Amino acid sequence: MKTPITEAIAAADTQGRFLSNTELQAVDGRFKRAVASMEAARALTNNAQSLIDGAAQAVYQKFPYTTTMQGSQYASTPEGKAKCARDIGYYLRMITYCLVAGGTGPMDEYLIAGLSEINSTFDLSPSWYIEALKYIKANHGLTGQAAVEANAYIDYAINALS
């Protein structure tokens, strides 16, 4: 999994070298940034349900047809609504994992790999998820570097969907 620490080790290992000061500084950076990262992760986790509920409703408001159109790919049924809330929860959970791990690893492995395929096969519109992510970014209530950390991963997900 990709993190500031595994990347440092991977680099040294690929060169068959012991870790050098060059890599020990990268980890120090990760440790110092962890303060803001963890603050963001705790906040997003504490307010997970309201952010998920609000995000789903941002999507339905931006794309009204997703609440009425006939088809299992939409949330016009109770099952579809549950699938959508579940998915948004997955995205938020992944964001908190990235913050905790200090890197995109988590999201890369559990969500982004195969994302395009999945959206294509099940006829899910990437724009739906981008709207949910934009809602989370606008309403997580974070400021300072904690916001910077949260937004970096939210935008990373948005770019992966673009």
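Numbering starts at 1 and follows the sequence shown.
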- Task: For the higher mean C-alpha B factor in the entry, choose 143 to 151 or 19 to 27.
- Result: 19 to 27
- Message: Tell me which stretch has the larger mean Cα B-factor in this entry, 124 to 132 or 30 to 38.
- Response: 30 to 38
- Largest Cα B-factor, entry values, listed residues 52, 69, 58, 99: 69
- Query: If you rank every modelled residue in this chain by C-alpha B factor, which third holds residue 118: lowest, middle or highest?
  - Reply: highest
